[PDB]
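Beneath this line is the structure, given in structure tokens, with notes to follow.
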Amino acid sequence: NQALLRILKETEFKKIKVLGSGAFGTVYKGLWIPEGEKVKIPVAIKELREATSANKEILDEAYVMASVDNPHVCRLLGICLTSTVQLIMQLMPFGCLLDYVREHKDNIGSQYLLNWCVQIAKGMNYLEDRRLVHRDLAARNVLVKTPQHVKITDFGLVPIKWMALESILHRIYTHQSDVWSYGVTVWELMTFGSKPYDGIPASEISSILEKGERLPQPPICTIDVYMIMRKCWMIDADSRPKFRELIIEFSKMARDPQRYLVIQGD
Ligand SMILES: *CCC(=O)Nc1cccc(Nc2nc(Nc3ccc(OCCOC)cc3)ncc2F)c1
Ligand SMILES: O=C(Nc1nccs1)[C@@H](c1ccccc1)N1Cc2ccccc2C1=O
Ligand SMILES: [Cl-]
């Protein structure tokens, strides 16, 4: 347990290049140089903006994020605590899945898309088995280790357009509210990275959902696939599919991909 999270010294890692920066902090590509070893490991390093307060909460959560053990869930490798918090995990060389499907929209076939749906459902099922609620599942929070190996990140940390109605209205987050976000994530993949409810203010989302409107059927999706997405967006959270059922359904479709997704040049 405790040995799953490495407490790193500033000597043990070096930031080499900027991968991205934003309100959250800065993510770097860098090297992990563990003391007493003769290897330099390429990693991603995230430096959080300085916290005013306490610091214990960040460390407590870090121990949890270091304990995950699933091929489709990112694991926290190490942490360095100074004036700032610095977080180290394996580099995902291909970036986030949302950008990946946008950049390769013309070269992605039905098998890739359905395999991603399986892998994301497997990671979410694992998090549910560990009693962890993600709360922020979106295509931007799936990272691409290799084109057919993706991993969920940033679980346990307002994304109105991905939230289930009960989360918007009542601040209720459960595994079933994650299923709703899974449905939106699948919609992003099937539209090759379109923005959900594009051009609609976030403040209007609750009313259009209350009105019974949902994201439209993607052109490539047959009715069998769209019906699964639609069930993820049922108002009754108990009526949504469970991640265990989604694994089975998408695994079945991945066995015959061309039957379930209609893509030009597939
Ligand atoms: C879709 C949202 C998004 O872009 N997330 C993001 C951005 C920057 C860094 C991370 N965290 C992270 N990143 C990687 N790998 C990686 C590789 C290439 C990248 O840039 C591609 C375009 O630039 C030319 C960015 C990130 N690995 C592990 C990580 F935690 C996430
Ligand atoms: O570290 C993460 N992402 C990275 N990107 C590049 C290097 S680290 C991310 C994460 C990692 C793995 C699983 C879930 C979340 N964390 C952890 C964590 C613990 C405490 C406070 C904040 C965070 C946070 O944002
Ligand atoms: Cl976007």
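The figures here come from the full heavy-atom set of this structure, side chains too, leaving out hydrogens, waters and symmetry mates. Counting convention: from 1, in listed order, for ligands and their atoms alike. Sequence positions, counted from 1, serve as the residue numbers for this chain.
- Taking a cut-off of under 4.0 Å to the non-hydrogen atoms of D154, the atoms of ligand 2 that pass are 9 (C), 10 (C), 14 (C), 15 (C).
- Looking only at distances, a side-chain donor or acceptor of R214 sits under 3.5 Å from a matching main-chain atom of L209.
- Scored by the side chain to side chain donor-acceptor pair (under 3.5 Å) test, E166 finds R240 as partners (sequence neighbours excluded).
- Contact check for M190 versus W187: no side-chain heavy atoms found under the 4.5 Å cut-off.
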| query | Taking it one step at a time, do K145 and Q90 satisfy side chain to side chain donor-acceptor pair (under 3.5 Å)? | reply | CA-CA 9 Å; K145 183 181 183 200; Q90 298 284 339; over 6 Å; no

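- At a 3.5 angstrom cut-off on N or O pairs, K46 counts as close to ligand 2.
- Contact record, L261 with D266: O-OD2, 4.3 Å, taken as the closest heavy-atom pair.
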Side-chain polar contacts of residues 146-160 - donor-acceptor pairs under 3.5 angstrom, sequence neighbours left out - could you list them?
from	atom 1	to	atom 2	distance (Å)
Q148	OE1	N115	ND2	2.5
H149	NE2	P71	O	2.7

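- Only the side chain of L157 comes within 4.0 Å of ligand 2, counting heavy atoms alone; its backbone N, CA, C and O stay farther away.
- Each of the following atoms of ligand 2 lies closer than 4.0 Å to a heavy atom of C74: 12 (C), 13 (C).
- Think of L143 as one node in a network of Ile, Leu, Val, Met, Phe, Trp and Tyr side chains linked at under 4.5 Å; its network also takes in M89, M92.
- Looking at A44, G156, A66, it is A44 that brings a heavy atom closest to atom 6 (C) of ligand 2.
- Ligand 2 lies within reach of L48, whose nearest heavy atom is under 4.0 Å from it.
- Counted by atom type alone, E188 and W162 present one or more donor-acceptor pairs between their side chains at under 3.5 Å.
- Among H134, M89, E61, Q90, the residue whose heavy atom lies closest to atom 11 (C) of ligand 2 is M89.
- When side chains are defined from C-beta on, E47 counts as touching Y28, because their heavy atoms get closer than 4.5 Å.
- Looking at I45, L5, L59, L87 and measuring to atom 16 (N) of ligand 2, the nearest heavy atom belongs to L87.
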Kindly print each ligand 1 N/O atom paired with any protein N/O atom under 3.5 angstrom away, one pair per line, or none if nothing qualifies.
from	atom 1	to	atom 2	distance (Å)
ligand 1	15 (N)	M92	O	2.7
ligand 1	27 (N)	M92	N	2.9

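- To the nearest 0.5 angstrom, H175 atom NE2 is 4.5 Å from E128 atom CD.
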